[PDB]
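Visitor: I'd like to ask some things about the structure below.
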Amino acid sequence: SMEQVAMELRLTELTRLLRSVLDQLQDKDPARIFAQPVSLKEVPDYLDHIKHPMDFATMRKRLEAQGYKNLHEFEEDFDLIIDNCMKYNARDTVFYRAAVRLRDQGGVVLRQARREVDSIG
């Protein structure tokens, strides 16, 4: 149908915008601490602690399959990155501190993303 196509163009355009959002958030992680999944070879107990691991590469796979239906879903995954790290790592660690700085800097980007998603519909 023509309606299905229209919906699909909407999803494509959201994917476009979320790709730009993802790039901007990932620039706030210049250390690349959140770039890839925590290695279960190197942290073998990880899944005993963290039930829903997340990282920027995993988000990018989902994004490119157009697997984010709305901004809420994409924010859920970004918050997992931060929140997982802040639980597994102690406050005095470079990992925890990286997550705090990513959350704080990311907030700005996400604030305007929400306005754009609502504005453009």
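Ordered as shown in the structure tokens, chains take letters A, B, and onward, while each chain numbers its residues from 1 and ligands are numbered from 1 in the order shown.
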Would you list the contacts of residue 99 in chain A as a PyMOL selection string, taking every protein, DNA or RNA residue within 7 Å and counting only C-alpha atoms, but skipping same-chain residues closer than 2 positions in sequence?

Guide: chain A and resi 82+85-86+95-97+101-103

Visitor: Please run DSSP on the backbone and report, as a ChimeraX atom specification, all residues within chain A that come out as helix (DSSP H, G or I).

Guide: /A:2-27,46-49,56-64,71-88,94-120

Visitor: Counting only C-alpha atoms, which of A:87, A:68, A:109, A:80 gets nearest to residue 16 in chain A?

Guide: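 Checking each candidate against residue 16 in chain A, we get A:68 as the closest.
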
Visitor: Find the residue from A:106, A:100, A:66, A:115 that sits nearest to residue 27 in chain A; use only C-alpha atoms when measuring.

Guide: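 Closest to residue 27 in chain A, using only C-alpha atoms: A:106.
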
Visitor: Find the residues near residue 36 in chain A: any atom within 7 Å, counting only C-alpha atoms, skip ones fewer than 6 places away on the same chain, and give them as a list in words.

Guide: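 With the cut-off at 7 Å, the set is residues 55, 56 and 57 of chain A.
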
Visitor: Choose the residue, out of A:117, A:60, A:88, A:65, that has the smallest atom-to-atom separation from residue 48 in chain A; count only C-alpha atoms.

Guide: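 Selected residue with least distance to residue 48 in chain A: A:88.
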
Visitor: Counting only C-alpha atoms, figure out which residue out of A:13, A:34, A:45, A:107 gets nearest to residue 75 in chain A.

Guide: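 The closest residue to residue 75 in chain A is A:107.
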
Visitor: At what distance in Å, to one decimal, does CA of residue 67 in chain A lie from CA of residue 44 in chain A?

Guide: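 Atom-to-atom, CA of residue 44 in chain A to CA of residue 67 in chain A, that is 28.7 Å.
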
Visitor: Compile the contact shell of residue 77 in chain A as a list in words: residues with an atom at most 8 Å away, counting only C-alpha atoms, same-chain residues fewer than 3 positions apart removed.

Guide: residues 54, 59, 73, 74, 80 and 81 of chain A

Visitor: How far is it from CA of residue 29 in chain A to CA of residue 79 in chain A, in Å with one decimal?

Guide: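 Computing it gives 14.1 Å between the two atoms.
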
Visitor: Please determine, counting only C-alpha atoms, which residue among A:52, A:89, A:121, A:113 has the shortest atom-to-atom distance to residue 20 in chain A.

Guide: A:113

Visitor: Which is closer to residue 32 in chain A than all the others in A:64, A:7, A:116, A:94, using only C-alpha atoms?

Guide: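 Result for the nearest residue to residue 32 in chain A: A:94.
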
Visitor: Expressed in Å to a single decimal, how great is the separation between CA of residue 39 in chain A and CA of residue 78 in chain A?

Guide: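 Distance between the two atoms: 18.5 Å.
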